């Protein structure tokens, strides 16, 4: 079929036939080189192109089809954030979501209005294989399982802090270890995260706590602290998200706890993928505290 339509370079001259005439110039754009090829376009196609109906039926659909090969001039190395309609999938924890997503979406509103963002927890499917396959573009957090086929970039470190409602009858900042051990706590187990070791670190330090409430995740901590005299041990970025909205106060933690490293992860296979690079750089711009 198309092998019988043969040379389509003659369809590039049919672009000069999609433009009307300009023929000696369209040759010079030569006229004898055109003449045989267009005559051959006609030996291939009965119509004398002198504009003919079916010639108009060929003129425009040729252009778009020819143009997409020229629209292809933008290489794979090209990526236009302001026009992209691509979806990016990002792995992060609930805290990661709560912290990263609002300023990201805020920035994306201007820089990439037409893209879509989807998030997931680092345990939805299998993170490694999904990132290698391109199902997940980036991951955020500690993630010690991401090693061989993965690059990583440090975004920031944040400590655990103690949080409680601002008009607490007795809680003070900076909080003493004594008061910490006398007040009542709401704790997050946070299974399979970096935050699970906290209870062990405290107990192995001889720091007893009256655990009035234990929840598996962070969603309710803000409202709980707001309406009770409980206090909580939480990551500082979470505390940052919660302080003003729930009328909460934080304090440097009276206990010795390690800080948490939050890194940006991507697979080696996409180290040079333009869209991935762009989003990566946006994350670095918004959240990296290197030059602080």
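Numbering follows the first chain given and starts at 1.
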| query | finding |
| --- | --- |
| Unresolved deposited residues lying between neighbours residue 248 and residue 249 | none |
| Residues of the deposited sequence left unbuilt between residue 30 and residue 29 | 1 to 3 |
| Mean C-alpha temperature factor, higher of 272-280 and 8-16 | 8-16 |
| Stretch exceeding the other in mean C-alpha B-factor - 200-208, 92-100 | 200-208 |
| Selection from 152, 71, 116, 148 [criterion: highest C-alpha temperature factor in the record] | 71 |
| C-alpha B-factor winner, where the candidates are 259, 229, 243, 50 | 50 |
| Record-listed C-alpha B factor of residue 77: chain third | highest |
| Assigned third (lowest, middle, highest) for the C-alpha B factor of residue 183 | lowest |
| Modelled-residue ranking by C-alpha temperature factor, third containing residue 111 | middle |
| Third of the chain's Cα B-factor distribution that residue 161 belongs to, per the entry | lowest |
| Modelled-residue ranking by C-alpha temperature factor, third containing residue 135 | middle |
